[PDB]
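Undergrad: Read top to bottom, the protein sequences are chains b and a. Under the entry's author numbering, read the first sequence as residues 746 to 814, 828 to 1011, 1383 to 1399, first letter to last. Each residue of the second sequence is one higher than the last, beginning at 1 in the entry's author numbering.
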Amino acid sequence: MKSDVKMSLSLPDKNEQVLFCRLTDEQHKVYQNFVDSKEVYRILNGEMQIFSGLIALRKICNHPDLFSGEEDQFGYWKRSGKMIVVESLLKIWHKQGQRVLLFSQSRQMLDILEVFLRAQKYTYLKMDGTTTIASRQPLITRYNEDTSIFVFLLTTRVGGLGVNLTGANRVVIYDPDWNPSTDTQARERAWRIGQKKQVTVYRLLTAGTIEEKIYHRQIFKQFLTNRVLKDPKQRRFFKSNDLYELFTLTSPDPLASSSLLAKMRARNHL
Amino acid sequence: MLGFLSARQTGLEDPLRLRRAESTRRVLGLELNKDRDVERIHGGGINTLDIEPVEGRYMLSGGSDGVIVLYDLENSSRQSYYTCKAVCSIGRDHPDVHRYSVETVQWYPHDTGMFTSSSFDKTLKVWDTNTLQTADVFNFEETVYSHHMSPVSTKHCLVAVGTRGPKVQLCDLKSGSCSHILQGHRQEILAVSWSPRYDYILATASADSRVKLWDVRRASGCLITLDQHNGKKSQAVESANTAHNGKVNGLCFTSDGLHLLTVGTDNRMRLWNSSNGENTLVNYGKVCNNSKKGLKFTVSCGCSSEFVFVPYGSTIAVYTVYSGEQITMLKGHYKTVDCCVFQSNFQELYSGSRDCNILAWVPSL
């Protein structure tokens, strides 16, 4: 891990802030309605696949793209709270003359983010599964070589996985995943060897919605991985029972045979 | 002999000569000692015996009744006649006694303080000799035919376990990890034996008539499959390369670990080069075994000529390893003989048998 080598390698400071975003009024309304919808009720009854519901809920929390509502065109920032937070953060950071690395588990949401960054004066470079493979490494190199490109939209599936992105400084994980490893590698794109500048990681999450329950899932997973990779004395994940009640809206507010036998007795005493 | 004493005394011959030649002469003179007895404690047949590798004083013995008896082989009485008294015993009343036949029992090499025993109750139990309590229990999904700890491993402390499953289980006594399996056999593994020479070489014999030598470190399957003919009948290996024409229910590396002796239910014993598994074509004649389980047989150590002592029905047939000449057949048991174990210090042989007896064979005069 990067703790037994940090003093011997001299990486910069890293941060892992989390922001519990608050769902906007229209966003709240669509979410509150869809949880109350008959479809969710049927999924709770197990009549069909749960995946459909989970997709729908994640979409709602991600933007009201279930239903689209001049200056209220599709993918409007003010319509969804997380986009408001992203606006504020990118505003302050662009004023800081700093390079940002914005990740999203989805690909079409990466498009809504793209049109947003058009709506702003933020010069970006987007990179997902549809961008050509041959244009991939040159795109990464381009973004890393010059500071003109400010933000770098990324889908986590190609955005993770071995690319080096030391050019960016600030990383924001816009959308959680069921897989902790996805966001972990995403945030770890920056904080690598050659990152000569401080980097902070912002996880944008919707309080009380599906995304918090997915967060609980990926925490429980992470603890399970820790229990077997870093040390087995992990603390029990006491926060949740992890059931199928994740459809709710609850917004805020030589060993000499005695060493052996001793070791054996130790293990079998537990 | 007095020539041998005079030759030792005058330096004509190395003292190694007198030791080895006399050790051999003693082996050829093995005879049922009625001037020595072993205390009867097994209600059922003795499947296994194990004299401890350091100091050769104690013997373990595993019965068909599930009890493990721990004998003292030193004549602590002043008489010339003595019974090898039983020091301890995992008896019918021990909370940890095996539920069914104990099939193998083995001293931990390098130290007498711990031994291991495997049974038909699908368990390999590790015992603290002193307190005589189990320190560990490995459960297998299938009945254990034999296990074996490396006589040489100062580094690893794996137990190879052969069950009726087709897979060889390696149980690490250092932190207990019974997951590792060697795959490649197809029927029950009736015998496993670590090389006495190489730390990580294991030979495993199975009822599918095939014997495989493994490098358990290696992640790529068996090193060698012993083939009776060495290639005269050569086939793309899917069913050929059988060591025997029946089940192979016995393995024993020769003392120096350069050759492998396999006995199978085709009533043959073969001698294999343990390096390339090539058949040395030693004859040995006909060796009657029809044991349906593992057949525990030994070799001699520290003699001018190596011998192998194989249970031959109700007798122990003694053969010269490298020439095949049958020395003799030791006739003193009443039912089939299951196991013989060799005491390397004094050229004594102990053999257990289904008639609930352990007979000592000591050299005459």
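C-beta atoms are modelled at their ideal positions from N, C-alpha and C, and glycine is treated no differently.
Residues of chain b with a CB under 8 Å from the CB of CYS303/a: which are they?
TA: Here residue 303/a is taken as the residue at index 303 of the second sequence, counted from 1. Those within 8 Å of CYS303/a in chain b number zero; the least Cβ separation is about 27 Å.
Undergrad: Could you check whether the Cβ of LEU1399/b sits closer than 8 Å to any Cβ belonging to chain a?
TA: What you label residue 1399/b is simply residue 270 of the first sequence in a count that begins at 1. No, because no Cβ of chain a sits closer than 8 Å to the Cβ of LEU1399/b.
Undergrad: Got a sec: is the Cβ-Cβ distance from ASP111/a to anything in chain b below 8 Å?
TA: For the purposes of this step, residue 111/a is taken as the residue at position 111 of the second sequence. So yes, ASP111/a belongs to the interface.
Undergrad: Does the beta-carbon distance from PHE297/a to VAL263/a come in below 8 Å?
TA: Counted from its first residue, the second sequence places residue 297/a at position 297. Counted from its first residue, the second sequence places residue 263/a at position 263. Contact: yes.
Undergrad: Would you decide whether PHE832/b is buried or exposed? Buried here means 16 or more other CB atoms lie within 10 Å of its CB.
TA: The residue given as residue 832/b occupies position 74 in the first sequence. Its Cβ having fewer than 16 others within 10 Å, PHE832/b is exposed.
Undergrad: Considering only the beta carbon of each residue, do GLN343/a and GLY56/a sit closer than 8 Å?
TA: Working through the second sequence from its first residue, we reach residue 343/a at position 343. Working through the second sequence from its first residue, we reach residue 56/a at position 56. Yes, Cβ-Cβ distance for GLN343/a and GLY56/a is below 8 Å.
Undergrad: Between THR942/b and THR881/b, what straight-line distance do the alpha-carbon atoms span, to the nearest angstrom?
TA: Position 184 of the first sequence, counting from 1, holds the residue named residue 942/b. Position 123 of the first sequence, counting from 1, holds the residue named residue 881/b. About 25 Å.
Undergrad: Going by DSSP, what residues sit across from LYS997/b in a beta bridge?
TA: The sequence position of residue 997/b within the first sequence is 239, counting from 1. Per DSSP, none; premise fails for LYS997/b.
Undergrad: Output yes if chain a places a C-beta closer than 8 Å to the C-beta of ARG985/b; else output no.
TA: Residue numbering aside, residue 985/b sits at position 227 when the first sequence is read from its first letter. No, no contact with chain a.
Undergrad: Can you tell me where the alpha helix (DSSP H) with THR315/a in it begins and where it stops?
TA: Within the second sequence, the letter at position 315 stands for residue 315/a. That residue, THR315/a, is in no alpha helix (DSSP H); its beta strand (DSSP E) goes 315-320.
Undergrad: For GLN777/b versus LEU963/b, is the C-beta spacing smaller than 8 Å?
TA: Walking along the first sequence from the start, residue 777/b turns up at place 32. Walking along the first sequence from the start, residue 963/b turns up at place 205. No, Cβ-Cβ distance for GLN777/b and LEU963/b is not below 8 Å.
Undergrad: What are the partner residues of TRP851/b, as DSSP defines its beta bridges?
TA: One-based indexing of the first sequence puts residue 851/b at position 93. Partner(s): none; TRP851/b has no beta bridge.
Undergrad: To which residues does DSSP link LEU764/b through a beta bridge?
TA: What you label residue 764/b is simply residue 19 of the first sequence in a count that begins at 1. The partner list for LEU764/b (beta bridge, DSSP) reads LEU962/b.
Undergrad: Between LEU173/a and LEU1389/b, which are expected to be in contact by the criterion C-beta below 8 Å, what is the C-beta distance as a whole number of angstroms?
TA: Walking along the second sequence from the start, residue 173/a turns up at place 173. Walking along the first sequence from the start, residue 1389/b turns up at place 260. That pair is a contact at about 6 Å.
Undergrad: Who are the neighbours of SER117/a on chain b, taking C-beta pairs under 7 Å?
TA: Within the second sequence, the letter at position 117 stands for residue 117/a. Ordered by position in chain b, no residue passes the 7 Å Cβ test against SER117/a, which lies about 15 Å from the chain.
Undergrad: I'd like to know whether the C-beta atoms of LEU190/a and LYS247/a end up nearer to each other than 8 Å.
TA: Reading the second sequence from its first residue, position 190 is the one you call residue 190/a. Reading the second sequence from its first residue, position 247 is the one you call residue 247/a. Cβ atoms of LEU190/a and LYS247/a: closer than 8 Å.
Undergrad: Tell me which same chain residues have a C-beta within less than 7 Å of the C-beta of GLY66/a, skipping the five on either side of it?
TA: Along the second sequence, read from residue 1 onward, the residue named residue 66/a stands at position 66. For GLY66/a, where only same-chain residues beyond five positions count, the Cβ hits under 7 Å are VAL97, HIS98, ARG99, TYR100, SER101, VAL102 and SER119.
Undergrad: Mapping DSSP to helix, strand and coil, what is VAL102/a?
TA: Here residue 102/a refers to the residue found at position 102 when the second sequence is read from its first residue. Three-state DSSP puts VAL102/a in a strand.
Undergrad: How would you call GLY3/a, buried or exposed, if buried means at least 16 neighbouring beta carbons within 10 angstroms?
TA: The sequence position of residue 3/a within the second sequence is 3, counting from 1. With fewer than 16 other Cβ atoms within 10 Å, it is exposed.
Undergrad: Cutting at 6 Å between CB atoms, please list the residues of its own chain near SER23/a, excluding the five before and the five after it.
TA: For the purposes of this step, residue 23/a is identified with residue 23 of the second sequence, where counting begins at 1. Closer than 6 Å at the Cβ level, and outside the excluded window around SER23/a, lie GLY302, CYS303 and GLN347.
Undergrad: Just list the beta strand (DSSP E) runs in the segment 40-66 of chain a, keeping only unbroken ones of 3 residues or longer that don't cross its boundaries, in chain order.
TA: Complete beta strand (DSSP E) runs here, min 3: 46-51 and 58-63.
Undergrad: Looking at the structure shown, is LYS836/b part of a helix, part of a strand, or coil, going by DSSP?
TA: For the purposes of this step, residue 836/b is identified with residue 78 of the first sequence, where counting begins at 1. Looking at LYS836/b - three-state DSSP - the assignment turns out to be helix.
Undergrad: Please name the residues in the segment 299-325 of chain a whose beta-carbon is closer than 8 Å to at least one beta-carbon of chain b, in chain order.
TA: Of all residues in the segment 299-325 of chain a, none places a beta-carbon less than 8 Å from a beta-carbon of chain b.
Undergrad: Roughly how many whole angstroms lie between the Cα atoms of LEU987/b and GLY918/b?
TA: For the purposes of this step, residue 987/b is taken as residue 229 along the first sequence, with counting starting at 1. For the purposes of this step, residue 918/b is taken as residue 160 along the first sequence, with counting starting at 1. Their Cα atoms are separated by approximately 21 Å.
Undergrad: Am I right that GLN762/b and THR958/b are in contact with their C-beta atoms under 8 Å? What's the rounded C-beta distance?
TA: Along the first sequence, one-based indexing puts residue 762/b at 17. Along the first sequence, one-based indexing puts residue 958/b at 200. Right, their Cβ atoms sit about 6 Å apart.
Undergrad: Taking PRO196/a as the reference, give the member of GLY257/a, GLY11/a and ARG25/a with the closest Cα.
TA: On the second sequence, residue 196/a is found 196 positions in, with the first residue counted as 1. Closest option to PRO196/a, Cα to Cα, is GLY257/a.
Undergrad: Given a cut-off of 8 Å, decide if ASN47/a and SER64/a are closer than it, judged by their beta-carbon atoms.
TA: Along the second sequence, read from residue 1 onward, the residue named residue 64/a stands at position 64. Along the second sequence, read from residue 1 onward, the residue named residue 47/a stands at position 47. For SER64/a and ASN47/a, yes; Cβs fall inside 8 Å.
Undergrad: Give the straight-line distance between the Cα atoms of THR888/b and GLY176/a, rounded to the nearest whole angstrom.
TA: Here the question's residue 888/b lines up with position 130 in the first sequence. Here the question's residue 176/a lines up with position 176 in the second sequence. Distance between the alpha carbons of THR888/b and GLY176/a: 49 Å.
Undergrad: Mind checking if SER175/a is an interface residue toward chain b, Cβ cutoff 8 Å exclusive?
TA: In the second sequence, counting from the first residue as 1, residue 175/a sits at position 175. Interface residue, yes.
Undergrad: Do you know offhand how far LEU60/a's Cα is from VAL318/a's?
TA: Here residue 60/a refers to the residue found at position 60 of the second sequence. Here residue 318/a refers to the residue found at position 318 of the second sequence. Their Cα atoms are separated by approximately 23 Å.
Undergrad: CA-CA distance, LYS884/b and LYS1392/b?
TA: By one-based count along the first sequence, residue 884/b stands at place 126. By one-based count along the first sequence, residue 1392/b stands at place 263. Those two C-alpha atoms are separated by around 55 Å.
Undergrad: Would the segment 138-154 of chain a and the segment 105-123 of chain a be scored as touching if the rule is three or more Cβ pairs under 8 Å?
TA: The segment 138-154 of chain a, when compared against the segment 105-123 of chain a, does touch it at the 8 Å Cβ threshold.
Undergrad: Look up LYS125/a in the DSSP assignment and give the residues it is bridged to.
TA: Taking the second sequence and counting its residues from 1, the one referred to as residue 125/a is at position 125. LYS125/a has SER117/a and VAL137/a as its beta-bridge partners, per DSSP.
Undergrad: Using a threshold of 8 Å, state whether the C-beta atoms of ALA965/b and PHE796/b are closer than that.
TA: Walking along the first sequence from the start, residue 965/b turns up at place 207. Walking along the first sequence from the start, residue 796/b turns up at place 51. For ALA965/b and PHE796/b, no; Cβs fall outside 8 Å.
Undergrad: So which of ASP227/a, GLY250/a, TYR350/a and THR254/a has the shortest CA-CA distance to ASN241/a?
TA: Locating residue 241/a in the second sequence gives position 241, counting from the first residue. Of the candidates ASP227/a, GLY250/a, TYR350/a and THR254/a, the one whose C-alpha sits nearest the C-alpha of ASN241/a is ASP227/a.
Undergrad: Between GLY798/b and the rest of its own chain, which residues show a CB-CB distance below 8 Å, the 5 nearest in sequence each way excluded?
TA: Here residue 798/b is taken as the residue at index 53 of the first sequence, counted from 1. Within the same chain, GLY798/b has close Cβ partners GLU784, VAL785, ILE788 and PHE1005.
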